[PDB]
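Engineer: Turn this into a structure:
(2 chains)
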Amino acid sequence: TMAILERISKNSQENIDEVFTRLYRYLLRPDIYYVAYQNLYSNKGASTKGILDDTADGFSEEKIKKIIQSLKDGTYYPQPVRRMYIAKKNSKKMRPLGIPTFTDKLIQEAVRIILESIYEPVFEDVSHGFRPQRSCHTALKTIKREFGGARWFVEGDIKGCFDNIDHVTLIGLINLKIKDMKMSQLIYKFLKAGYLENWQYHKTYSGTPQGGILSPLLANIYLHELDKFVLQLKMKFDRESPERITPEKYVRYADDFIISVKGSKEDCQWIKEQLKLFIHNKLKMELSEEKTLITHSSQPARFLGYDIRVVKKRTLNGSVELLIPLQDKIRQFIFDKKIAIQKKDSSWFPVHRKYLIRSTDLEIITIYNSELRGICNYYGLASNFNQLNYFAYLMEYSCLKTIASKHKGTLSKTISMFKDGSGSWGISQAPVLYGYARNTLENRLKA
RNA sequence: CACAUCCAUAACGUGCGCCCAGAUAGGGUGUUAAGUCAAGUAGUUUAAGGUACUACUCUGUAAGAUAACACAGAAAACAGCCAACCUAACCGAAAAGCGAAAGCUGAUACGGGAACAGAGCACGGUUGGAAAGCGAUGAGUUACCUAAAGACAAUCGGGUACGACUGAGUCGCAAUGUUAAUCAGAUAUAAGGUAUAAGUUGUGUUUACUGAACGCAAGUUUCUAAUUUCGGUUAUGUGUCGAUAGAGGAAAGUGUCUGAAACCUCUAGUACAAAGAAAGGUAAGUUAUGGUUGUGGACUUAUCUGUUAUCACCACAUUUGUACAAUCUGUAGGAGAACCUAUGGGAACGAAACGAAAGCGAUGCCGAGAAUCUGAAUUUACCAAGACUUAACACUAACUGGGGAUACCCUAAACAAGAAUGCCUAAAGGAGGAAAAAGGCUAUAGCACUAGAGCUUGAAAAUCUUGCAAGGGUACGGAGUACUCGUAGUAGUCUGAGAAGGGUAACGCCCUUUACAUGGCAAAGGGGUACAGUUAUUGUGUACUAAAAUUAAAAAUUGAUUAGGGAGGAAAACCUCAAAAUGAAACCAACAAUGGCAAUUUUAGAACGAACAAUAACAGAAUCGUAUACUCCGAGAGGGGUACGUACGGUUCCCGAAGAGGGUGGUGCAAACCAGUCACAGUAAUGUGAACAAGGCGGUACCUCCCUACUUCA
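Structural biologist: Numbers count the residues shown, from 1 in each chain, chains lettered A, B, ... in the order given. Sure, structure below:
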């Protein structure tokens, strides 16, 4: 089936030695190797990942290439290519996509496997967080409170991700110890495959039917090699960055980047300029925004919808850290769907909502509860539960307006909301307007 | 630091609509007449006007009483509302004769019934004068400590919207509108309000356009906003701690024990002035996305005789500006969280909102009250509608006569038409014998495919097919032209229009004369027939040649750039019996650097497809002049949508299926009593038995098709 790479990347042209990163992965080859040997390469033409609830569908056994990829059947990948990077709602980290083709919908597991190949080596943390993670939520909560006690701190801004798809440093750093020192080509001839017909051309990735949903993998690497020497120079300087500000460093991610333990912002420049030189050394990318708004001791930056600055408002601090919740992620998240106008009722109400004549109601209620759910998960360990339920207030009258509006009455939202509501205390009934909100903005949040 | 409130109010959705003849049957409409009304009290005066005045009376005048007279007002009838209240319309049922049921037949009785507003014409009509409402509960069932923190007896010690219920006792808003009484002028070109359609792009609002031509002007409503705790989570108050302020420091501060150096308390909210401190009422504006408003509630602006005064004088919000007051208050940038200047508590620090914007001259219109000044008047000077009745005259319809062709539905009408005896004992008797039917009769039973029944009919008869003059219903706004038939009539003079021309309108109507025999009329639905937009199906389609936006980029040189030619087991080596159990020449891979034609597009070398042939044109949101309440003031300009009440143009895009009503085909289930069939009795026909293969027939299930004035979804 597909032992093509199982042979290419494995034997790896040992004229002289090879995949040398072996003192930590020498039998770490055959483990996952023989996995795929019977995970993917077992007999599959049409399976192990894809449509059928995880897996590809066996409509024609999808063997038209899969079994016969000894030379990939290859030779052009015409596959009209376009551009694709999809932003992410919370904790901005764009999630590009591509063109769904059974061809691409098997290239997907192919690159899954090449991931696992490059997975076990010094790659770390499928999507972002220096610690090996998988979720944003772990990235959302864990790393942050741990440090920041050092003032004078900074962050990152360079867009540099789908703009700086360098594609030269890219293929220079994809498979160094993995490319067979000679004869390793039947891998990326069909990864370098952004073909088109518009009297123009752009190859190999922009969220490409060759390169659509795999930028996670690729860009994560792209940055990872950077972060390696980044950390080495980090420790090289971590000799007053943990020892200057003290008398009374860095961590890596996907899109934005903290500066960990701080000493002498008088060297924050040092950091950023060195970065740039390096950001311009081998990937040759700039400092979008000249990045970041140095706190200069404490002044709150923003990461992923949270931060630290080391009457609707009150807080407690000291020699301790903190993890800020915000309002701009809700502010326009209100002016989007006509959900309020803060210049109407005395500081903050849900003065109104949008929908007045629309489809059935209980679905809209579940919709409310759904965005609330999101809010909860999209807000882990950040303080001020009271702003959360404050917005919940700022959501009630609005959603209840919309409920009533189907009746098309006299603003009879009173009796209307009485015809339902987890908050009216009456399926013609709101299951949750605040309950699950409290539940999940406490669980997986307060710990 | 919890808990919590965000405006309540009805529609519009009635039933009708054709054709002409008439016109009090009634009614309406309008106009003129006459009377006829009623005016706080009387005089005045006069008609019996009218309210002007005189004097008398009354009521109000909160800008917080108290007396003076100023100041205003004093009915009635209408218009309306609010509630109760029969009753014709309109509705269903008896009801009722009725094709013999298709359809009619509804003051019976039936509830009702301001018909879902009366917008094409009010339910009526009596009354009554007040209902729905809110904002305060009046009365009952009631609460936490009894202000020390309690535990104690709620020492009702004591509090009813106490907070809940029952529930308002009382008020206000609810609950009104008009109605005759000097002119003339100026201050109006007054101060002030008013002038671009169905509509396109342009974003630095600059305006490139039209049913705008006006232009200027081009950026911009706004927030962004409180230090004398405005620290404690938005407006909601309570729940606080923090700091200062202690008061008993208890047995509470009703009577008992632990209280504490806490646990209540006002908190602890700065110095002036300043004003009403204040409502209510009226008036204007904000009020809540649906579309219309109404009716209230809240915010804002004004509002409501003079002194004699008692009063009058205060707490408190209040406003200023200072101080100062901290969170600074944000900002800006540096620079420690507590520096740095700035900021008015926003300077920007934006952000949203922002694009023939607004604002400026477009003069377009009028320019009330005409407010004030001038003159005039000044017999109380006058003076004429306010309705009611009648009168007359015109008028009139969802009123009064006669007028009914196109297609459906139904079946009576014998409506007319077309459907006919075996069997012997195998022959007259004859089946209207003695076998032997449907049909005749009746509920019709066995799922249909037997009605039992007796003779019967064994043409009787009832066969179905029609037709079905009938009889109904159905369309009698209105949705492009002609054109057709159905009636040439009934207005015959009189303005679709008879004609000519002229006003003739963003498509008519009216004026000079046409005609008296149709000269108009023609009728009156309705369908028909050809054209015209619709929607689709299909037939159908372009790189037809030129350059270009350079995919085509094969080929060729390049980019000799390294890496090749083994689906393998393969863990640093084993590499797979493999040149090979680790050795190329070109064939993939490099800005394809150029072609190269397909894939465009337009410039464009451009010929019924770079578009056309047979089978659907419904649904309009209302539609500008032509109004439509016209909408609203009228002092004007000008502001909305009721036969889809647009009546056309244009505007413009919606272009659904299902519930499934009923018919259609097929598929099945069943069924095997009758005629199918078999065999048996029987002389046969019938009886007997099998007989489901659904031969038909019906029951039933699916789906299909019609089917959709059967129902309903963008």
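
Engineer: At the contact with RNA strand B, which residues of the stretch 1-150 of chain A appear?
Structural biologist: Contact residues (C-beta under 7 Å from any atom of the strand) of the stretch 1-150 of chain A with RNA strand B: A:1, A:3-4, A:6-7, A:10-11, A:13-22, A:25-27, A:29-30, A:33-34, A:37, A:41, A:67-71, A:74-75. Any C-beta I mention is one placed from the backbone N, CA and C, and that applies to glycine too.

Engineer: for the stretch 151-300 of chain A, what spans make up the helices?
Structural biologist: Ranges of helices within the stretch 151-300 of chain A are A:169-173, A:215-237, A:268-281, based on DSSP state H, counting those that start in this stretch.

Engineer: For the stretch 301-447 of chain A, which residues are neighbours of RNA strand B?
Structural biologist: Residues of the stretch 301-447 of chain A lying close to RNA strand B (C-beta under 7 Å from any atom of the strand) are A:311-314, A:318, A:343, A:345-349, A:351-352, A:356-357, A:386, A:390, A:393, A:397, A:405, A:408-414.

Engineer: try it again with 6 Å
Structural biologist: For the stretch 301-447 of chain A, the residues in contact with RNA strand B (C-beta under 6 Å from any atom of the strand) are A:311-312, A:314, A:343, A:345-349, A:356-357, A:386, A:390, A:393, A:405, A:408, A:410-412, A:414.

Engineer: Just the buried subset of those, please.
Structural biologist: A:348, A:349, A:405 (16 or more other C-beta atoms under 10 Å).

Engineer: Would you format these as JSON lines with secondary structure included?
Structural biologist: Shown next, in JSON lines, are these (DSSP: H, G, I helix; E, B strand; the rest coil):
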{"residue": "A:348", "secondary structure": "coil"}
{"residue": "A:349", "secondary structure": "coil"}
{"residue": "A:405", "secondary structure": "helix"}
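
Engineer: closest to RNA strand B among those?
Structural biologist: Distance to RNA strand B, by C-beta to the nearest atom of the strand, is smallest for residue A:348 among those, at 3.9 Å.

Engineer: Grab the nearest non-local neighbour of the residue nearest the centre of chain A.
Structural biologist: Geometric centre of chain A, nearest residue: residue A:93, 4.5 Å, by C-alpha atoms, centre = their mean. Of all residues not flanking residue A:93 in the chain, residue A:255 sits nearest, at 4.7 Å (C-beta to C-beta, 6 or more residues apart in numbering).

Engineer: Spit out the contact partners of that neighbour.
Structural biologist: Residues in contact with residue A:255 (C-beta atoms under 8 Å, 6 or more residues apart in numbering) are A:92, A:93, A:94, A:128, A:161.

Engineer: Of those, just the buried ones, ChimeraX syntax please.
Structural biologist: With 16+ other C-beta under 10 Å as the criterion, this ChimeraX line picks the buried residues out of the contacts of residue A:255:
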select /A:93,94,128,161
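
Engineer: and the contacts of residue A:255 as JSON lines, adding distance to residue A:205 and secondary structure?
Structural biologist: Conversion of the contacts of residue A:255 to JSON lines gives the following (distance: C-beta to C-beta, whole Å; DSSP: H, G, I helix; E, B strand; the rest coil):
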{"residue": "A:92", "distance to residue A:205": "20", "secondary structure": "coil"}
{"residue": "A:93", "distance to residue A:205": "17", "secondary structure": "coil"}
{"residue": "A:94", "distance to residue A:205": "13", "secondary structure": "coil"}
{"residue": "A:128", "distance to residue A:205": "19", "secondary structure": "coil"}
{"residue": "A:161", "distance to residue A:205": "11", "secondary structure": "coil"}
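
Engineer: and which of the contacts of residue A:255 is nearest to RNA strand B?
Structural biologist: Checking those against RNA strand B with C-beta to the nearest atom of the strand, the nearest one is residue A:92 at 16.6 Å.

Engineer: quick one: which helix or strand includes residue A:415?
Structural biologist: Following DSSP states H and E, one finds residue A:415 within helix A:413-418.

Engineer: Can you mark which positions in the helix or strand that that helix is followed by are buried?
Structural biologist: Proceeding N to C from helix A:413-418, the next assigned helix or strand is helix A:435-440, under DSSP H and E. Neighbour counts over helix A:435-440 (16+ other C-beta under 10 Å) mark A:436, A:437, A:440 as buried.
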